[PDB]
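Visitor: Chains as they are written, first to last, in the deposited numbering: chain B, 217 to 331, 338 to 432; chain H, 541 to 570, 651 to 738; chain S, 260 to 305, 319 to 339, 346 to 517; chain Y, 1 to 31, 59 to 158, 189 to 216, 220 to 386, 393 to 729.
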Amino acid sequence: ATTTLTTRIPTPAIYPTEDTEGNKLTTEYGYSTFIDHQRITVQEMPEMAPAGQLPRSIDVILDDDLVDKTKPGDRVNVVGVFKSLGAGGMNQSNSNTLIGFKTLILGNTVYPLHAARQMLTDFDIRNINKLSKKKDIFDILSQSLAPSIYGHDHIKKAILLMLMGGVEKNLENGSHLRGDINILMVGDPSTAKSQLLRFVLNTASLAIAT
Amino acid sequence: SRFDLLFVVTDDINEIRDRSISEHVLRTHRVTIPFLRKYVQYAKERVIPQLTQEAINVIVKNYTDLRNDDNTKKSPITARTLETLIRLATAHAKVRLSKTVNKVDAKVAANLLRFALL
Amino acid sequence: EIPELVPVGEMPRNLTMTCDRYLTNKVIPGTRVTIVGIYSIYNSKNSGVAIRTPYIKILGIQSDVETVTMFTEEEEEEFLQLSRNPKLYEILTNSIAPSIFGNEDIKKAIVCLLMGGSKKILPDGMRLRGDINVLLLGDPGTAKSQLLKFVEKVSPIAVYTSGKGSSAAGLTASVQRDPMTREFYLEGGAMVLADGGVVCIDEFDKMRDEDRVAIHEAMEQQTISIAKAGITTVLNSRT
Amino acid sequence: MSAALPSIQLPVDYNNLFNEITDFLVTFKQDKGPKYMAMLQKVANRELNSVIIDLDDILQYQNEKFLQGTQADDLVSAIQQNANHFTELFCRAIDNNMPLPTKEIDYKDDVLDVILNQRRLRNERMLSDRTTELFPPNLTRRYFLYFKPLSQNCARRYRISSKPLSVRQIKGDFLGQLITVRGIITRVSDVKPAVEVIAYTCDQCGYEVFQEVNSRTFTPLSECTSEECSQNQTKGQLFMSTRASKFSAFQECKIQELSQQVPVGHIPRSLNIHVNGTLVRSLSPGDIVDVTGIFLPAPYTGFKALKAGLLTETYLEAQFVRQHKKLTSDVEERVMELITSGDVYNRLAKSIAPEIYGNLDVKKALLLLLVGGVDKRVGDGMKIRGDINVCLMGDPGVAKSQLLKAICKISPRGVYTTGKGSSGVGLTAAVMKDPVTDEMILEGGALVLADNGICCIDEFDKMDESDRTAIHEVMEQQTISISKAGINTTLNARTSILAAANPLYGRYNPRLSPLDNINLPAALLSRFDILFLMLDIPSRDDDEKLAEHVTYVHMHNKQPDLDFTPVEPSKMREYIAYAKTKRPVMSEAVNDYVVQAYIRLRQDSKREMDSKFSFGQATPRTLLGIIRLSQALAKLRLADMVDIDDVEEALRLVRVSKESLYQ
Ligand SMILES: Nc1ncnc2c1ncn2[C@@H]1O[C@H](COP(=O)(O)OP(=O)(O)OP(=O)(O)O)[C@@H](O)[C@H]1O
Ligand SMILES: Nc1ncnc2c1ncn2[C@@H]1O[C@H](COP(=O)(O)OP(=O)(O)OP(=O)(O)O)[C@@H](O)[C@H]1O
C-alpha cells in the first residue's frame with residue numbers, strides 16, 4: 217500500500233523459499249532495495265478554526281526525501297493525494313459500527329513557512351551594513367519594538383539584548399559554563415508585565431513557548 | 541541565585557505622566653517588524669570577538685567599587701554576576717556587528733545594572 | 260436528555276446517533292434541539321445472552337436557532359423598523375427582566391455585557407481585549423442569585439457552573455487514558471464549550487485552592503495552552 | 001517459473017571471486060613465511076579461536092597486483108556491496124588448505140576430544156556398513202571468521221568504507237553493507253548458549269539427524285525419516301541430545317548517540333547489535349566505543365497479516381571492537403619522583419584542585435581522607451568505627467558544586483550523586499520492574515556499589531524524609547540492608563561521606579544563631595568530627611585579585627600559574643595506594659601526648675557553656691577521631707615517625723577547622 221495509486225493484488229508474504237528447482241535459494245542483500253516509512257499527525261492551526269471545537273487531526277505517510285525535516289512545532293504545508301485503504305465491512309463478519317476507510321495522505325514536498339530560509343539579496347544586505355554605520359541604531363531598535371507602551375527603556379533594551387543571545391564557548395575537556403541569559407520580572411498588577419510577553423512569540427524565530 | 545535581573549516595575553502617579561498615557565492608548569484604537657527579525661537572525665551568524673584587554677580592565681574596576689557597595693547596601697552579588705558582566709557587553713558587540721570589543725559597550729552594561737540594583 | 264422532564268430521584272441517560280453529510284455539522288454543543296427518526300438496532304461484538325444495543329438513525333433536525347449568519351429578510355425588516363425608534367435604551371430595562379423591582383444601575387450593566395465590543399488584530403503583533411466583566415457583591419436577599427438564571431436562557435451560548443468551582447484545575451482541561459490505543463488526547467473543558475458567550479459562577483470567598491490560579495491566565499489575554507503529557511497548543515478563547 | 005522470476009544478466013558473478021580466493025593460497029610473501064597461514068597453525072592446536080582477515084592483507088595483495096596486467100576485479104567493492112556473502116565461500120576455501128594433524132593431544136588436555144573422534148569414527152565406519190549422510194560443513198569448524206576495515210593514510214594513498225558515520229544518516233543504501241558507528245553502549249544482557257547444530261537420537265538406529273539452524277523459532281521433525289531405524293514396522297522414537305550438540309555464544313546490546321553530533325532537534329534513538337565468535341564479554345555499560353560490523357535485516361514471523369506488513373526492524377552484526385579511553395611494575399620511577407622531591411604538605415596541596423582562590427586549609431583536610439587505611443585489625447568482635455566524614459556549609463557564589471564534585475570525578479571509586487534520583491530510599495538497593503527477562507532483580511543506588519570509597523553528596527535539603535534515615539544508617543556501622551518484604555539480608559558499610567549543606571534564604575546570618583539552616587542536630591554535634599565554612603566577607607584586595615582570577619580564563623583558555631608544576635593524578639593515586647599498604651603502629655609517647663591534649667580540650671570547652679557561637683562539649687568521639695586522622699597523616703607521610711610532632715600536625719588542623727565563623 218505504498219505505490220500510492222494502483223490497488224494491486226497484494227503478496228501476503230515475507231520471503232519465499234525453494235523456487236522450482238532443487239537448489240537452496242540464496243539472496244543478495246546488497247542488490248535488494250529498501251525504503252522507509254513514517255507517519256505523522258497534523259493538528260489544526262488553532263487561530264483560523266472558529267470557536268466551536270477542539271483541534272482535529274489527520275495523518276500523512278511520506279518518504280525518504282523529506283524525512284527528519286519536520287521538527288514538532290513547525291508551520292508545515294504539505295500537498296499530496298487523498299487516499300483510502302483497508303477493507304470495511306467484509307474482513308470481519310457482521311461488521312457493525314466499525315469504519316474501515318482510513319483517511320491517508322501519500323504525499324510529497326513539505327515546506328516550512330512563516331506567518338530559517340530567508341534569502342536576502344545584495345541590496346538589503348548592503349543597507350543593513352549602511353545603517354550599521356550609524357552610531358545610534360542600538361537606541362532606535364529599543365524604541366521601535368513595542369508600539370503601544372511608554373518608557374521602560376531599561377526593560378526594552380534588555381529584551382532585544384536577551385532575544386538575540388549571548389554565546390557559550392564550551393570548555394575543551396571541561397564543563398562549559400552558563401552562556402544562556404535568563405531575565406525575570408515582577409510588578410504590581412496591570413502595569414504591562416504580561417503585555418510584552420506575548421508579542422515576543424510573534425517574532426520568535428521558531429521559539430514556541432508554553 | 542540562578543537568575544540575575546529582578547526588575548521591580550514602579551507605578552508612581554504623576555500628573556504629566558498619566559496624562560501622557562491617557563492619549564497614547566486613545567490614539568491607537570484605529651523601524652519595521654520584518655526588517656527587525658532579519659537583523660537579529662543575520663546577527664546570529666556573525667563571528668564573536670571576546671578579545672580586548674582594554675574593555676576587561678575597566679569593568680573589573682567597575683566591579684570593585686560596587687564590590688565595596690553591594691555588601692554595605694541592598695543586595696549581595698556573587699561571582700556569577702561577573703559572567704553576566706562579560707555576557708551583556710558580549711551581546712552588545714553583537715548588535716554592533718564587529719570583531720572588536722570596544723570601550724563603549726562597557727558603559728551601558730554598568731549603567732543597566734545600576735538601575736536594576738538602584 | 261433535557262434535564263427537566265422526569266424528576267423523582269434519577270440521573271439522566273444517553274443514546275447515540277449518526278447522520279448523512281448534507282445534514283451534518285449543523286449543531287454545536289450546548290443547545291436545545293428536537294429530532295425525528297428511527298429506532299433501529301445494531302449489534303457490536305466489542319454479558320449474558322445475545323443482547324444488542326439501541327441507537328437512533330436520524331432523519332431531519334428541524335431545530336430551533338443556532339443560539346454562520348445566514349437567515350431571511352423579514353426578520354431584519356422589523357429590526358430596522360424598531361431601531362429607528364430611539365427609545366431602545368430605556369425600554370429594555372423594563373422589558374428585560376419582567377420580575378425584578380427596578381435596580382436601574384445594575385440592569386443597564388447586563389445588556390452591555392451580553393453584546394460586547396469588538397476585537398482588534400491591528401497591524402502589529404499584539405491585541406486589545408474587547409470585553410467587559412462585572413461583579414455583584416452584597417447582602418443575601420438582594421436578587422443577585424436569581425438574576426443569573428435569567429441571563430442564561432437569553433444568551434446565545436450560556437453555561438451555568440455556578441457552584442464551588444468544581445475542581446478548578448479540571449475546569450479548563452482534562453486528559454485521560456483511552457480505551458483504544460491507550461492515548462492521551464484532549465476532551466473536556468468549561469471554557470472551550472462556552473466561547474462567544476458568557477459563563478456564570480459564584481462563591482468567591484471559600485475557594486482558595488485553584489480558582490484564582492485558574493482564572494488569571496484564562497482572563498486578560500484569553501489564550502491558554504495546556505502543558506500536560508501530550509500536546510501544548512494555544513487554543514483560542516473569547517469568553 | 002514465469003512472471004519475472006529471472007533477472008537481468010549481471011556482470012558481477014561469484015565464480016570470478018571463487019578462484020580469486022583460491023589464489024589466496026601461499027602467495028602473499030611480503031607479509059615468517061605465509062603470515063596469515065602462520066596464524067592458521069595457532070588455532071588448530073586449540074588455544075585461540077579468532078582469526079583476523081583484515082583489509083591490509085588485501086590491499087597489499089592488490090598493491091603487488093599493480094604489475095600483473097590482467098583482469099582482477101575489485102575486492103573492497105564486492106565486500107562493501109554484500110558483506111555477509113563473504114564468509115560462506117570463504118570457509119569453503121580454507122578446508123582444501125588446512126593442515127589438520129599438526130597438533131599433539133593424547134587423551135585429556137582438550138575439551139570434547141575423544142568423543143568427537145568417537146562420533147567421527149562412528150560415522151566413518153558407518154560410511155561402509157552396507158556389506189549415508191555426509192557431514193554438513195557447520196559440524197567440524199571449531200573456529201570463526203572476522204573482518205577489519207581501514208581508516209589510515211592508505212585511504213589517502215589511492216582509491220571511504222570506514223568513516224565513522226553517526227546513526228542519524230544511516231537508513232539509506234547502507235543496509236546490507238559493512239559500516240562502523242561510534243556510540244555509547246547500554247543495556248548489556250547476559251551470555252546465553254545459542255544453537256548452530258542439532259542431534260536427535262531415536263535409540264534404535266543411532267543415526268543422528270543433523271540440520272542447519274534457522275531463526276529463533278524452529279521445529280523438530282518426525283521419527284520415520286532415517287535409513288536404518290525407519291522403513292520397518294518399528295521406528296525408534298526421536299528425542300534430543302545435549303553433549304552432541306555444539307553451542308555458541310550470544311549477547312545483546314544497544315547503542316545511543318554521543319550527544320554532541322546530535323542536531324538541535326529530535327532525541328537520539330537506539331539500535332540493536334549482536335555478537336558471535338569470541339568478541340564476547342568485552343563491552344561494558346558506559347564504554348565510549350565504536351563497533352565495526354556488517355548489516356542485515358530480519359523477518360518478524362509473528363502476527364504478519366493484520367499488523368507487521370513489511371516492517372523490517374533491522375539490527376547490525378558485529379565484527380570488531382576498537383575500545384577507547386581506558393605497583394612496583396614499571397611505574398616505580400614516578401613513585402621516586404615524590405620521594406626525591408619530597409614536598410608532601412604543600413605541593414600535593416596545590417596538586418589536587420588548583421582551580422580556586424585561597425582555601426589551602428580545606429584542600430589539605432581532604433587528601434588525608436583519600437587514603438584512609440585499616441583503622442585497627444581488631445581480631446575479636448569489636449568492630450570499631452573507621453572512615454571519618456567531613457561536612458561543609460556556606461553559600462559562596464563560586465559555584466561550590468564544581469569545587470567538590472570535580473574532586474570526586476578524579477578520586478578512585480567515588481560515585482557522584484545529587485538530590486533527585488537515588489533518594490534515601492533508593493540510596494541502598496531495592497527490587498523494581500525489569501524487561502521481559504528476569505524481573506525482580508536487586509537494583510541498587512549508590513551505597514551498595516560505592517563501598518569503601520567516596521560518597522560525594524550534594525543538595526542536603528532534598529528528599530530528606532528518606533535521606534535523614536539514609537545518612538544515619540551509614541554513619542552507623544554495618545547496617546546497609548533491604549528491610550523490605552522481599553528479604554532481610556544485610557550487607558557492609560565502609561564509605562566516607564562528604565557533605566555540603568546549603569544555608570537558609572540569602573546569607574547565613576553569622577550574628578544570628580547557627581543551626582538555623584541545617585535541620586539535624588543529633589547527626590552533627592556528636593557523630594561528626596570537623597566542620598568548615600565558606601563565608602563571604604567584603605575585602606578589596608582579594609576580590610580584584612579574584613576579579614583578575616576569573617577574567618584571565620576568558621581571553622586565553624588556560625588557567626595554570628603561580629610556580630606550581632602540575633602533577634598527574636595517577637602519581638598520587640599510586641602514592642595513596644602505596645601509602646595504604648603501610649599501616650604504621652603508634653608508640654607510647656603519642657597517647658601520653660593526647661591525654662594532656664584532651665584535658666586541655668576538656669577545660670576550655672567547659673568554660674563557655676553558651677549558645678552564642680560554639681558547638682560541642684568535648685566528646686570522646688572527638689577524641690577518638692583525632693587519633694584517626696593522625697595515623698592517616700602518619701600513613702601518607704610515613705617516615706616511621708609516630709611522635710609528638712606528627713600529632714602536632716593533627717591538632718594544627720582541628721584548631722583552624724574550628725572557629726571558621728569567628729570572622
Ligand atoms: N504601563 C503601561 N503603559 C501603557 N499601557 C499599559 C500599561 N499597563 C497596561 N497597559 C494597557 O493595559 C492593557 C493590558 O495590560 P496587561 O493585561 O498586560 O497587564 P498585565 O501585564 O497582564 O498585568 P497582570 O499580569 O498583573 O494582569 C494593554 O492593552 C496596555 O495597553
Ligand atoms: N428587586 C426584586 N424584584 C423582584 N423580585 C425580587 C427582588 N428581589 C428579590 N426578589 C424575589 O426574591 C425571590 C427569591 O429570591 P431569593 O430569596 O432566593 O434571593 P436570594 O438568592 O436570597 O438573594 P441573594 O442572592 O442576595 O442571597 C424571587 O422570587 C424574587 O422574585
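Just so it is clear, CB atoms sit at the ideal spot from N, CA and C, and this is done for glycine as well.
Measuring only the C-alpha atoms, how far is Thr406/Y from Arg400/Y?
Guide: Rounded to the nearest angstrom, the two C-alpha atoms are 10 Å apart.
Visitor: Taking three-plus beta-carbon pairs below 8 Å as touching, is the segment 493-500 of chain Y in contact with the segment 509-520 of chain Y?
Guide: Cβ pair count under 8 Å is three or more, so yes.
Visitor: Taking Cβ-Cβ distances below 7 Å as the criterion, which residues of the segment 263-284 of chain S are in contact with chain B?
Guide: Of all residues in the segment 263-284 of chain S, none has a Cβ within less than 7 Å of some Cβ in chain B.
Visitor: DSSP state of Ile333/S, grouped into three classes?
Guide: Three-state DSSP puts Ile333/S in coil, outside helix and strand.
Visitor: Can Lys415/B be considered in contact with ligand 1, in the sense that its beta carbon sits closer than 7 Å to one or more heavy atoms?
Guide: Yes, since a heavy atom of ligand 1 falls inside the 7 Å radius drawn around the Cβ of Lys415/B.
Visitor: Enumerated in chain order, which unbroken segments of the beta strand (DSSP E) with a length of 3 residues or greater are wholly contained in the segment 461-530 of chain Y?
Guide: If we require 3 residues or more, the beta strand (DSSP E) runs fully inside the segment 461-530 of chain Y come out as 520-522.
Visitor: Which value, in whole angstroms, describes the spacing of the CA atoms of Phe428/S and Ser309/B?
Guide: C-alpha separation (whole angstroms): 53 Å.
Visitor: Please give the ranges of any alpha helix (DSSP H) in the segment 445-499 of chain S, keeping only runs that are unbroken, at least 4 residues long and fully inside the region.
Guide: The qualifying runs are 489-496.
Visitor: Straight-line CA distance for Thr222/B to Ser311/B?
Guide: So the two alpha carbons sit approximately 26 Å from each other.
Visitor: Have a look at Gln669/Y and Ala663/Y and give me their C-alpha separation to the nearest angstrom.
Guide: In a straight line, the C-alpha of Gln669/Y is about 10 Å away from that of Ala663/Y.
Visitor: Starting from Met402/Y, trace the alpha helix (DSSP H) both ways and give me its first and last residue.
Guide: Where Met402/Y is concerned, the enclosing alpha helix (DSSP H) stretches over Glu398 to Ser407.
Visitor: Hey, would you say the C-beta of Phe482/S is under 7 Å away from at least one heavy atom of ligand 2?
Guide: No, the Cβ of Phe482/S stays beyond 7 Å of every heavy atom of ligand 2.
Visitor: Report all residues from its chain with a CB closer than 8 Å to the CB of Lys694/H; omit the five preceding and five following residues, and keep chain order.
Guide: Here the set comprises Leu737 and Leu738.
Visitor: If the cut is a Cβ gap below 9 Å, which residues of chain H does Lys415/B touch?
Guide: The answer, in chain order, is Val549.
Visitor: Any heavy atom of ligand 1 closer than 7 Å to the beta-carbon of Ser396/S?
Guide: The answer is no for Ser396/S.
Visitor: DSSP three-state call for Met621/Y: helix, strand or coil?
Guide: Of the three classes helix, strand and coil, the one that applies to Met621/Y here is helix, per DSSP.
Visitor: To the nearest angstrom, report how far apart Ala536/Y and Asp487/S are at their CA atoms.
Guide: So the two alpha carbons sit approximately 34 Å from each other.
Visitor: Taking Cβ positions only, does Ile668/H come closer than 8 Å to chain Y?
Guide: No, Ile668/H lies away from the interface with chain Y (no Cβ there is under 8 Å from its Cβ).
Visitor: Starting from the beta carbon of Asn310/B, find every residue of chain S whose beta carbon is closer than 8 Å, and list them in chain order.
Guide: Near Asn310/B (Cβ distances below 8 Å), the residues of chain S are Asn302 and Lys304.
Visitor: Using a threshold of 7 Å, is the CB atom of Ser361/S nearer than that to any non-hydrogen atom of ligand 2?
Guide: No; taking the cut-off as 7 Å, the Cβ of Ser361/S has no heavy atom of ligand 2 nearer than that.
Visitor: What is the DSSP secondary structure of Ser417/Y, counted as helix, strand or coil?
Guide: In this structure, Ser417/Y counts as coil in the three-state DSSP scheme.
Visitor: Which residue from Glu131/Y, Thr503/Y and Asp527/Y puts its Cα closest to that of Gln68/Y?
Guide: Comparing Cα positions, the closest option is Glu131/Y.
Visitor: Hey, which residues come within less than 6 Å of ligand 2, measuring from Cβ to any heavy atom, in chain order?
Guide: Here the list is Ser377/S, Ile378/S, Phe379/S, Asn381/S, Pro418/S, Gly419/S, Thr420/S, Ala421/S, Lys422/S, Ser423/S and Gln424/S.
Visitor: Listing by chain order, which chain B residues have their CB less than 7 Å from the CB of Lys231/Y?
Guide: Under the 7 Å cutoff, chain B gives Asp252.
Visitor: Helix, strand or coil: which one does DSSP assign to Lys385/Y?
Guide: Correct three-state label for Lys385/Y: coil.
Visitor: Using 10 angstroms around the beta-carbon of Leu382/B, count the other beta-carbons present and answer buried if the total reaches 16, otherwise exposed.
Guide: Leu382/B should be labelled buried.
Visitor: Please name the residue, chosen from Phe18/Y, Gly296/Y and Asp347/Y, that lies closest to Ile244/Y on a Cα-to-Cα basis.
Guide: Looking at the Cα atoms, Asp347/Y is the closest of the given residues.
Visitor: Using the DSSP secondary-structure output, state which residues sit across from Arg255/B in a beta bridge.
Guide: DSSP lists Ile277/B as partners of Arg255/B.
Visitor: Please tell me whether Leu464/S has its Cβ less than 8 Å away from any Cβ of chain B.
Guide: It does; some Cβ of chain B falls within 8 Å.
Visitor: Just curious, the beta strand (DSSP E) that residue 732/Y is in, first and last residue?
Guide: Residue 732/Y is absent from the structure shown; chain Y starts at 1 and stops at 729.
Visitor: Is any heavy atom in ligand 1 found nearer than 7 Å to the beta carbon of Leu406/S?
Guide: Yes, ligand 1 has a heavy atom inside 7 Å of this Cβ.
Visitor: Measure from the alpha carbon of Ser7/Y to the alpha carbon of each residue in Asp375/B, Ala229/B, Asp402/B and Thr243/B, then state which is nearest.
Guide: Closest by alpha carbon: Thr243/B.
Visitor: If the cut is a Cβ gap below 8 Å, which residues of chain H does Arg606/Y touch?
Guide: Here the neighbours are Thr684, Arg687 and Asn688.
Visitor: Which whole-angstrom value is the C-beta distance of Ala655/Y and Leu667/Y, which I expect to be below 8 Å?
Guide: Wrong, their Cβ atoms sit about 18 Å apart, outside the cutoff.
Visitor: Suppose you measure from the CA of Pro262/S to the CA of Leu415/S; what does that come to, to the nearest Å?
Guide: Answer to the nearest angstrom: the Cα atoms are 30 Å apart.
Visitor: Is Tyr298/S closer than 8 Å to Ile328/S when the C-beta atoms are compared?
Guide: In this structure, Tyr298/S lies closer than 8 Å to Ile328/S by Cβ.
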